[PDB]
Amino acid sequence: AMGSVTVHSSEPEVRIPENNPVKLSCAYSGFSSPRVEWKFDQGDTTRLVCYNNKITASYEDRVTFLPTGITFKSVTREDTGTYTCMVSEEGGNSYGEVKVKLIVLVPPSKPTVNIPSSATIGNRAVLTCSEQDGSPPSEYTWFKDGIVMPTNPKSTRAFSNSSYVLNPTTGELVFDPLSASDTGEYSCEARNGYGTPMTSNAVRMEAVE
C-alpha cells in the first residue's frame, strides 16, 4: 500500500545567530501514520535530534517538537549543520526526507597576527592573520600604513613593484623577494559579513639589507 507522498521545508537554508530560538520546518503530506525523525550532520559527527516522534536526550531541554518542525529555545556554533527530517509510514510503505541547512551567526573576534619585526631584503617573508570564532568564517583584509592590500600585487595600483601573494581565507601574506619598499605598519581586519569587523594590532616591519 504505497501512497504518493511529499516532504519539504519552507526554509531550505535557515540562518540565525547565537542564543536566539529557531524553528526548523518540515511539512510532509501523503502519510497516514507517519514516523517523523530528525538527524544531525556536520563533518563526521552525526547524531539524532528526534527519534520516534520524540526529541532525543541531548535536546529535550532546549528543542521542542511539532508536526510541522522542531522549535528551539537557543543555539550555539555547535548546532551549525545540516538537519535532515525523515518521515516514514508505519510498516514502511512510504517515506520522504527534507534536508534543512543551518548557519549560526557569530561576529568575528580579534585576529591574531604574526608580523615579524624584520626580514632580510630578498628572502621569503610570511606574515599572517586569523581569527576563529566568527561564523561564517573570516575573510581577511591586509593593510599597509592603512592602505588596503590589492589582492593583486602586479598590474596598476601603486603596489606593482611589491612581490606579494595574499589569501583572503588563510590570511597568509607572503613576500618573495622582500623589498626595501615593503617597510610598513601592517594590519588586517576580519569580516565574515556578520556583526562588525575586528582589526588586528598594527605591526611595523622593516626590510633590512
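Note that residue numbering begins at 1 and tracks the sequence as displayed.
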**Message:** Going by the mean C-alpha B-factor recorded in the entry, which is higher: 75-83 or 90-98?
**Reply:** 75-83
**Item:** Comparing 160-168 with 27-35, the one whose average Cα B-factor in the PDB entry is higher
**Value:** 160-168
**Prompt:** At the C-alpha atoms, which of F175, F143, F40, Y51 reaches the highest B-factor in this entry?
**Reply:** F175
**Candidate residues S9, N201, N192, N20, the one whose C-alpha B factor the record puts highest** = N20
**Complete:** The third of the chain into which the C-alpha temperature factor of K154 falls is the highest
**Fill in**
So, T183's CA B-factor, relative to its chain, sits in which third? The middle
**Prompt:** Split the chain's modelled residues into thirds by Cα B-factor; is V126 in the lowest, middle or highest one?
**Reply:** lowest
**Request:** Going by the recorded CA B-factors, say which third of the chain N114 sits in, lowest, middle or highest.
**Result:** lowest
**Message:** When the deposited Cα B-factors of this chain's modelled residues are ordered and cut into thirds, is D61 in the lowest, the middle or the highest one?
**Reply:** middle
